[PDB]
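So this first bit is one chain, no partners, the form deposited in one PDB entry, shown in C-alpha cells.
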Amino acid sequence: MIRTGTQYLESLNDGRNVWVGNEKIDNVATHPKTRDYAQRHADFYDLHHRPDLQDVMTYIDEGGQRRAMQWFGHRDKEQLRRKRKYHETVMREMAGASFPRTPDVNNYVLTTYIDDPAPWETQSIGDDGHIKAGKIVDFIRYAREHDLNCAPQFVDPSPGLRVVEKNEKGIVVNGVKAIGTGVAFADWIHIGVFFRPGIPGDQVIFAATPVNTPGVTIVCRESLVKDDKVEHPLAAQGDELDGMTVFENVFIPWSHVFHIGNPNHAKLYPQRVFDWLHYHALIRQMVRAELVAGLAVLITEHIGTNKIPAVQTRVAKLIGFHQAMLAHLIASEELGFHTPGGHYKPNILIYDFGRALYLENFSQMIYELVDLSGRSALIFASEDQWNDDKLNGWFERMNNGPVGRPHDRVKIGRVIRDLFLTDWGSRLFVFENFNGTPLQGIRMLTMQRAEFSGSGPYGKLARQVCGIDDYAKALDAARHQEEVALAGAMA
C-alpha cells in the first residue's frame, strides 16, 4: 500500500532537531511555521490515492504491487516520457510547480546507485572491505517500500563534513552540509559530495541517515509562509525551507554507507547522481515558463492591452521561451541513451543546455510579466475592501474589461504577486540558481572536456571550411555517459 499523507504527518513527530529562524520546532507537522509545507508533502502522498490520477500517479510492478511512479524505473524513451508526465502532473497539481523539491525529485536521484551500484563499493578507500553494493541496493529498496523521502545534501560552501572515527560497526562523521532544501520535512538525509581540487579523502562521503539521527541538527532560514490564504493563495500554502545540516559526531553503520575515501570517484559519479534532478529541473522550468506565459495572456487580456502590437510581441516572447524549454526537453528525450544497468537517460548535454537557457533568461521573462501587469500586480483590493458597501462599486468599475468578472483581475494579480513579488516567491527565483549546478557551472565543466575542443565534433566543420588538416570497452563508465551523450547530439 502506498504511503498516505496522514502517515507522513505522523512520522514527522520523531524528535528531529530543527531550527526555523529563531524558533525550535517541536513538531514539524503542526508548528505554524512549517505545517503548511508539511501538508503540501501530505497532499503529495494523497495524490497517489486519487482515483482520477491513478493511471498517471501509480504503476503495478512485476510483483503485482501498486506503487507510486516516483519509484518507477524507465528503460526506454516511452517509459521516460511516462515518468516525465508523472512529475509534470505532480507539479501542475501543486500550485504550478512552486515546490521544486517534492519527494519525487529528491528520490529520483537514487536511480543511479540501483543502476550501477558496484563502483561505489569497488572504488571505496579506507574502508577495510565493509561497504557492500548489495546493501546500497537494500537501502534504496527499503526507501521505495516505505515511500521514504531521502533529501539529498551534496553541495559545500574547514567545516565540511568528514569521517572522524572508523570501527567494525561503521563510521562517525562531524561537520556541516551547507545546503539542504526541505530536509526538515524528509525521512532520511542522502549525504554526498562533489569533487573539488584537493578534496581530502576523509571528506569524500556518500551515505544515508535518518533525519532524527542523534547529533543531527537541521538549521533553516525563517519561514516566508503567509497567514491569509485569500490575499496569498500560493504563499499561504507553505514554504519549502532551505538550510544547513549540522552533524555532531553522527554515527552511520557501514550498511548505510555507500562510498568513502576516493576523490577521483567524486569526479563523475555524483554528477551521474544529480543528472536526474537536473532533468527534473528542466521539466519544472518548462512548466514555470508555461505558467508565466499564461499569466501574461490572462492579465493583458483582462486589462485589454492584448491587441496592442507592442504587447503582442512581448507575450509571443514569453510563449517562445516556453517552447524553447519544451524543445530542449523533447530533444533530450529523443536523443537519450542507456546507462550501464540499462536505464534510459535523456541526453545530458541537451537538457543541461535547456537549464542554462532558462537560468540565463528567466529574470527578464519574469520582469516582462510584472511590467505587462502594470499596477494590477501590487496595488489591488484586499477582499474586505472589495466587498465593502461603499468601495465595491468603484472597484468593479476600475477592474472592468472585456473578458469576465472584474474580480478575476484581483485573482490574477494575487498570483503574479505571490510568485514574483513576495519573499516566498523571491525564494523560488533565487533557489533556481541552486537547483543542481548553476549556469556558470554547466558551462565550465562542459568546456573542460576534450570533446568540446577543436579535436571534437565542433571543430570538424570549421576545420574543412578553413582548409585545416559499450561499457565493456570503456574504462570509465560515468565518463562514457558524457561522451555517448555528445555522440547522440552531434549525429
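For every residue, the number given is its place in the sequence shown, counted from 1. Note that the rigid core is defined as the largest set of C-alphas that superpose within 1.5 Å between two forms.
Visitor: Does the deposited sequence hold unmodelled residues between residue 469 and residue 470, and if so, how many: none, 1 to 3, 4 to 9, or 10 or more?
Guide: 10 or more residues lack coordinates between residue 469 and residue 470.
Visitor: Note how many residues of the deposited chain are left out of the model between residue 129 and residue 130; the options are none, 1 to 3, 4 to 9, and 10 or more.
Guide: Missing in between: none.
Visitor: Averaged over C-alpha atoms, is the B-factor higher for 3 to 11 or for 481 to 489 in this PDB entry?
Guide: Between 3 to 11 and 481 to 489, it is 481 to 489.
Visitor: On average, are the C-alpha B-factors higher in 358 to 366 or in 94 to 102?
Guide: Higher mean C-alpha B-factor: 358 to 366.
Visitor: Taking the Cα B-factors listed in the entry, which of 227, 334, 275, 138 comes out highest?
Guide: Each of 227, 334, 275, 138 was compared by C-alpha B-factor; the highest is 227.
Visitor: Going by the entry, which of 431, 424, 44, 37 has the most elevated CA B factor?
Guide: Reading the PDB entry, the winner on C-alpha B-factor is 431.
Visitor: Mind checking which third residue 118 falls in for C-alpha B-factor across the chain?
Guide: Residue 118: CA B-factor falls in the middle third of its chain.
Visitor: Would the CA B-factor of residue 75 place it in the lowest, middle or highest third of its chain?
Guide: Residue 75: CA B-factor falls in the middle third of its chain.
Visitor: Comparing residue 247 with the other modelled residues of its chain, is its CA B-factor in the lowest, middle or highest third?
Guide: Answer is middle: the recorded C-alpha B-factor places it there.
Visitor: Considering only modelled residues of the same chain, in which third does the CA B-factor of residue 269 rank: lowest, middle or highest?
Guide: Middle third, going by the recorded CA B-factors of the chain.
Visitor: Would you please rank residue 154 by its C-alpha temperature factor against the other modelled residues of its chain and give the third it falls in: lowest, middle or highest?
Guide: CA B-factor rank for residue 154: middle third.
Absent from the display: the form deposited in another entry. The rest refers to it.
Visitor: After the core is superposed, which of these residues, 27, 446, 39, 422, moves its CA 2 Å or more between this form and the one not shown?
Guide: Looking at each option in turn, only one qualifies, and it is 446.
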